[PDB]
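Read top to bottom, the protein sequences are chains A, B, C, D, E, F, G, H and I. The C-terminal residue of the first sequence carries number 85 in the numbering used here, and the numbering is unbroken. The C-terminal residue of the second sequence carries number 157 in the numbering used here, and the numbering is unbroken. The C-terminal residue of the third sequence carries number 212 in the numbering used here, and the numbering is unbroken. The C-terminal residue of the fourth sequence carries number 330 in the numbering used here, and the numbering is unbroken. The C-terminal residue of the fifth sequence carries number 499 in the numbering used here, and the numbering is unbroken. The C-terminal residue of the sixth sequence carries number 557 in the numbering used here, and the numbering is unbroken. The C-terminal residue of the seventh sequence carries number 723 in the numbering used here, and the numbering is unbroken. The C-terminal residue of the eighth sequence carries number 778 in the numbering used here, and the numbering is unbroken. The C-terminal residue of the ninth sequence carries number 1235 in the numbering used here, and the numbering is unbroken. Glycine is no exception: its CB is placed at the ideal position from the N, C-alpha and C atoms. What follows is a single structure, written as structure tokens, with notes after it.
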Amino acid sequence: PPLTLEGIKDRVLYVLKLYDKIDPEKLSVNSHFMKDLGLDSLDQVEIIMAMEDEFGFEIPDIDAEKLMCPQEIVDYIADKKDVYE
Amino acid sequence: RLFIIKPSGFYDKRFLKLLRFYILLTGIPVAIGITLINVXXXXXXXXXXXXXXXXXXXXXXXXXXXXXXXXX
Amino acid sequence: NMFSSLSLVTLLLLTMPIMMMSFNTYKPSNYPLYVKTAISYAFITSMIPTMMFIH
Amino acid sequence: XXXXXXXXXXXXXXXXXXXXXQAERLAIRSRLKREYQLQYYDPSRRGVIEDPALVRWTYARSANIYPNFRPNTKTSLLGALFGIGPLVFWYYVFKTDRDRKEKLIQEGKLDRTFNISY
Amino acid sequence: XXXXXXXXXXXXXXXXXXXXXXXXXXXXXXXXXXXXXXXXXXXXXXXXXXXXXXXXXXXXXXXXXXXXXXXXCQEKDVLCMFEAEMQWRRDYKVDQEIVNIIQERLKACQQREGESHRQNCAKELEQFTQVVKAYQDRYXXXXXXXXXXXXXXXXXXXXXXXXXXXXXX
Amino acid sequence: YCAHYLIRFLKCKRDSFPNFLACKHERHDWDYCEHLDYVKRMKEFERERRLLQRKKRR
Amino acid sequence: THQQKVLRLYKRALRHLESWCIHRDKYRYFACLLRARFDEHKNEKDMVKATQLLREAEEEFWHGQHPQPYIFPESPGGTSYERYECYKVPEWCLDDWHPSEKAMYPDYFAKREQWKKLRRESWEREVXXXXXXXXXXXXXXXXXXXXXXXXXXXXXXXXXXXXXXX
Amino acid sequence: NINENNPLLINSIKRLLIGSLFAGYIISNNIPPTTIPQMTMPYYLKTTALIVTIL
Amino acid sequence: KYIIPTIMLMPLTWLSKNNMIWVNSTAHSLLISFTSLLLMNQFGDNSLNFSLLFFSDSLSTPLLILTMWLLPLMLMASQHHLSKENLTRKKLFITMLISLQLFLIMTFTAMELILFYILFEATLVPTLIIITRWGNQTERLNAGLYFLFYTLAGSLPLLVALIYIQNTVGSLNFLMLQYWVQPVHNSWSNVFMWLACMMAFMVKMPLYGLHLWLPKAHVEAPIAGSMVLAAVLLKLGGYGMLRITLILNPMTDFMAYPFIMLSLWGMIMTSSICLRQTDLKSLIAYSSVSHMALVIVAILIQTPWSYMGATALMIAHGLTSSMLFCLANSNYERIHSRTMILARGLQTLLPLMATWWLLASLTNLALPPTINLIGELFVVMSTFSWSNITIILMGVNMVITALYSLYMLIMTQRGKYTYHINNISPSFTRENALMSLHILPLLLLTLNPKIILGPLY
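Quick look at the structure:
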């Protein structure tokens, strides 16, 4: 089944909301996980691993440092898997 | 609907059609070649009387088309 | 007598899509369906000589 | 070839010499990529690019033969023993089979009566 | 026909007594296909045979007999040896297909019996062993490439070996 | 050894043609011949074992 | 960098853990035990002690290193569809299509002709912008982004554009 | 994850299911065998084939 | 019947107008090639002489038909090349093919050894001009000088050998006259007489020793890729070993014993190198060594079964390796390099040519009976009657005959070519028509291989 631009953003937000450690009310999508949201140095890699399991399993180790914000991570996953025409 | 993958296709499919056009052009005497067995006599095995060993074709068997090529 | 005749039919049925592979007659989207229908009657024509072999 | 432990991440240190070592390797890597980048992104080209690495790679096996092999010493002579040597090795293998076969034809038949081809 | 030995006559007769069910499925399909696409094929074959009318018999087989023995005229002569070697090469090509008939005689026994195999026949088994063994000594086999000039040497080598054994015994 | 009863087993398949699976009377004859032949083969091996034990004593 | 080497080791540790365990509830349990091992040494920062810890981290991990791990569906290397169902066709053989066949679907050809004219015209401007970047050798690591916004297209044009799709 | 049964799948597995169950009835009974091996050892040979699958 | 209409092709190209030329040379060659399959096929038990000994009949040589098959085929792929240069340069190098075909017809037909010799070496002169000129890469001279100083070094000992036979034993001439030939008494003076007769057909028929003549000529391309097929015609053009061993020295086989073993190692070691080689033309150049080595083994056994496969292999190799060189040429005029790794991509870029790439590579393997299986199988069967140990070595060769052609496939069956942007048109009609004219004769020989494999068959 094909993935939509609005659908991919909603799917990433649903996984981020059920993180338990991170507050659902404090962060939505536009806020960065590096400074604004409460996330550790080891926690950032663990959040990326959970997101890859839900969608198409593709995550580079070198490109893991470039993706930190949930809005940027949703765009990078959609571009690599070729989403929304 | 999508734009899909791209192949020359036009150069490829034309070659097969141009090949078949010349197979079928000389496929007409192939069709006549079957009827030559049908209309004309094919083969007969019999002991020949001492008069002539070769006439038109020296030894003709199976097909009548063998004798026609033996003359030229 | 028919045992020798029907044995070749099973072999000839499988070569008929190869005969139609070289253009012959146009078949769009129905070409995968044509192979299915070819083997279907090839099974029936193979069941009869086995019934003769039991006898 | 492989050791007792497979090399993948074993024995690596930060230090100061290794820090400048990565700076050297990435400098040439970016230098050879940029000359490709300027030649790749233009519609006016149309043609297969040469590249000095692959041309020299083909030239390494097809040529550079007679400029080499000037210090033969012993390593080249050992290759000849593995070269023309196996021909001498099989020379006594087939010959023993001939002495076995030729004797059987004249006295005490071994060839079957069913045999006729060749 | 004539040349092929084969079996005398096959029995092949069905009784069909045990279990009625649907008479016989093998016999009902055989009778149906005899009229569907077997009688129609027989009608088209008869129509093509009748349409021939005029037929040429022709010579078919050529004679060519004897033309002097190869092991009589020698001392290297082009006028004599050429026609003598032609006769030997004709017989060698004939002997190749004589073996093929005797080979197919054993093939016919294996097809017809199957289960019996070696217990019966015996005549075709004996006919194969007698010809092939003689074929090995006289025509090629150990005499390399086919040549009539070398063929006389192969016969002389067998004649010398037989004379040496006869003198001892 | 079984040939006396084995002829009836081939007769069932030759007569039935369709519905060849339904045959038990002729199938029992092939089971009866094998049960007696294997028992006779086991008795021959048992007699050889009994003779070897008797010869060892003497 | 020391920080990246820990991140690469932790990413590999979780993905290699799923090969041993069967159920997801045990996977979540053993992940908490792994986090407790790292957090004890994460607080203390040393140039000698932490580097010795990273070298010893390869040990124990190498003892249970090959149980044939799950290498994902569409993933680089490993097993099960790495290049399969993704053969497609490059954009280099797009202009090769001859007339009569090129006339079919005119919208796909007209839009591509307008895009090709934009790429050809901007190629001269991008070539000057690429050499405008300060290095005075050739390049350093990655490609430089464009500063101008009026002209657009940051050096590479056919890098992101024209790609394989399943 | 979208998982649904297709009409092409139904008219294929069901046709294989008849073949995977009735194979022991048709093939074994029709073909004439030679020499029966099952006679000796009720537990050591005859039951051992089924007991291995159970254990 | 064959000479005179072939000679009339020489004034045809020169008299015709500048725009045409190529149309007349291809069309008139095809009708002459039809008459070869019309008249030459008729034979009896022993094949009767044609006429006077200017050009004679064929006894075991339907290999003339292959030369007549490549008579127009060599003119097809040479269209893309030579087109840029002058009209006089075109007219010369079309007539050099006609001159090659003139001498090649004369070699196979004429039942001789004395006049055959001055046609065997006479084929070297037109090829020398073709190979040395029009070379895309350098070292043309390191292949041109190699072309003569290997062949003429081995063939000039025929002058001291062949004349020595006729001065003692009547005359060589017809070979049909040659029943005068008496078996060799096996003396040390007769040792070098046998070697001189062999060495001429030990260079053109490539062994493991003195084999370096062949790969140098193939890598350094003469013109495009269709003139490489003329060098393939010279491998099979050294068919005199079928005539010398059978007639001139039938008793001699003791000296053949080491020369079988020299060609036996030119099977494992020649296939080993053809695995890590970078040049695509070189991969066909070393595969051509092994296939012709199989003929060399077969001839020296002298069994009637081996010749049946040997004569078949001459026709089998001549239409399959030439087919492979045309595929190498079809990439050479698009990528402009002989590199295997650089030119990588079939079906995604070359859709219909990839199926021709399959059929050509599968013929190196043992396919369902075409000619390559038929040709090879008799040799394997003949070697077992010669010595039982052979198939232990011959079987290993069968493993790497897969690696001869599948490695050609794998390094072309990959959806890459990121560096490449050229090769837009996959095949311009004639490009695939070349490939069909090479495979369809092999497909017609499936039904009738009796015409191909015929030394008293």
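- Message: Please list the terminal residues of the continuous alpha helix (DSSP H) segment that includes D/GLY297.
- Response: 297–318
- Message: I want to see whether chain D comes within less than 8 Å of G/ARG677, judged by CB atoms only; does it?
- Response: yes
- Segments of 4+ residues assigned as alpha helix (DSSP H) that fall wholly inside the region 790–836 of chain I: 800–817
- Query: Which bits of chain E does I/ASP823 rub up against, with CB to CB less than 8 Å?
  - Reply: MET416, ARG419, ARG420, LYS423
- Query: Just to confirm, does A/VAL45 get its C-beta within under 7 Å of one of the non-hydrogen atoms of the ligand MG?
  - Reply: Inclusion of the ligand MG in the displayed structure is not the case, the ligand content being empty and no account of it being possible.
- Report the rounded CA-to-CA distance for I/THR813 versus D/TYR278, giving the unit in angstroms. 51 Å
- Residue-level contact to chain D via CB, G/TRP680, 8 Å cutoff: yes
- Query: Using a Cβ cut-off of 7 Å, which residues of the region 292–309 of chain D contact any Cβ in chain I, in chain order?
  - Reply: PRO298, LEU299, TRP302, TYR303, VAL305, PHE306, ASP309
- Please look up how many angstroms separate the CB atoms of A/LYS80 and A/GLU52, rounded, as I've assumed it's under 8 Å. 11 Å between Cβ atoms; not a contact.
- Item | chain F contact for H/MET762 (CB, 8 Å cutoff) | Yes, because at least one Cβ of chain F sits closer than 8 Å to the Cβ of H/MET762.
- Counted within 10 angstroms of its Cβ, other Cβ atoms place residue 777 of chain I as buried (16 or more) or exposed: The structure shown does not extend to residue 777 of chain I, since chain I is modelled only from 779 to 1235, so the question has no answer here.
- Message: Pairs of beta-carbons, one from the region 38–49 of chain A and one from the region 1–10 of chain A, closer than 8 Å: are there three or more?
- Response: no
- Where H/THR757 sits in the DSSP three-state scheme: DSSP places H/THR757 in coil when its eight states are reduced to three.
- Item | I/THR1161 - partner residues in DSSP beta bridges | I/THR1161 pairs with nothing; no bridge assigned.
- Query: Thinking C-alpha only, which one of G/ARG612, G/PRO633, G/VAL646 is nearest I/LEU1127?
  - Reply: If we check each option's Cα against that of I/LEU1127, G/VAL646 comes out closest.
- Task: Please work out which residues of its chain come closer than 7 Å, Cβ to Cβ, to G/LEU591, disregarding the five sequence neighbours upstream and downstream, and give them in chain order.
- Result: Correct list, in chain order: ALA570.
- Query: Under 7 Å Cβ-Cβ, which residues of chain E neighbour I/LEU955?
  - Reply: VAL408
- Query: What separation, rounded to the nearest whole angstrom, lies between the Cα atoms of G/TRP649 and I/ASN1200?
  - Reply: The straight-line gap separating the alpha-carbon atoms of G/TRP649 and I/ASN1200 is approximately 8 Å.
- Message: In whole angstroms, give me the CA-to-CA distance for residue 86 of chain A and G/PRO624.
- Response: A question about residue 86 of chain A goes unanswered here, because the residues of chain A that appear run from 1 up to 85.
- Could you give the DSSP three-state label for F/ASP528: helix, strand or coil? helix
- Query: Closer than 8 Å, CB to CB, is F/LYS512 near chain H or not?
  - Reply: yes
- Name the DSSP beta bridge partners of I/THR1117, please? I/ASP1057
- Consult DSSP for A/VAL74 and reduce its assignment to one of helix, strand or coil. helix
- What are the uninterrupted segments assigned as beta strand (DSSP E) that are 3 or more residues long and contained completely in the region 397–432 of chain E, given in chain order? none
- Query: If we count Cβ pairs, one from each stretch, closer than 8 Å, do we get three or more for the region 1132–1142 of chain I versus the region 1099–1113 of chain I?
  - Reply: The answer is yes - the region 1099–1113 of chain I touches the region 1132–1142 of chain I, with three or more Cβ pairs under 8 Å.
- Query: Counting contacts by CB-CB distance shorter than 8 Å, is D/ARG324 in contact with chain I?
  - Reply: no
- Query: Taking only beta-carbon atoms, is I/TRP958 less than 8 Å away from chain E?
  - Reply: Chain E, which has a Cβ nearer than 8 Å to the Cβ of I/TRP958, makes this yes.
- Query: Can you list, in chain order, the residues of the region 531–557 of chain F whose Cβ is nearer than 7 Å to any Cβ on chain H?
  - Reply: From the region 531–557 of chain F, only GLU533, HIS534, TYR537, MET541 have a Cβ closer than 7 Å to chain H.
- Look at the alpha carbon of G/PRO663 and the alpha carbon of A/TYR84, and state the distance between them as a whole number of angstroms. Rounded to the nearest whole angstrom, the CA to CA distance from G/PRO663 to A/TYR84 is 23 Å.
- Message: Let me make sure I understand the geometry here. Which of I/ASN951, I/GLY948, I/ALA900 has the alpha-carbon closest to that of I/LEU930?
- Response: I/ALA900
- Query: Taking any Cβ of chain D, which residues in the region 1033–1046 of chain I have a Cβ under 8 Å from it, in chain order?
  - Reply: Correct list: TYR1035, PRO1036, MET1039, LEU1040, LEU1042, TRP1043.
- Item | Residue burial classification, A/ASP61 (beta-carbon count within 10 angstroms, cutoff 16) | It counts as exposed.
- Item | Secondary structure of F/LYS510, DSSP reduced to three states | helix
- Query: Do you know how far the Cα of I/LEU853 is from the Cα of I/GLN1080?
  - Reply: 38 Å
- Message: Under 8 Å, Cβ to Cβ, is there at least one residue of chain B near G/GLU642?
- Response: no
- Item | the region 518–529 of chain F: positions lying closer than 8 Å to chain C by Cβ | Listed in sequence order: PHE519.
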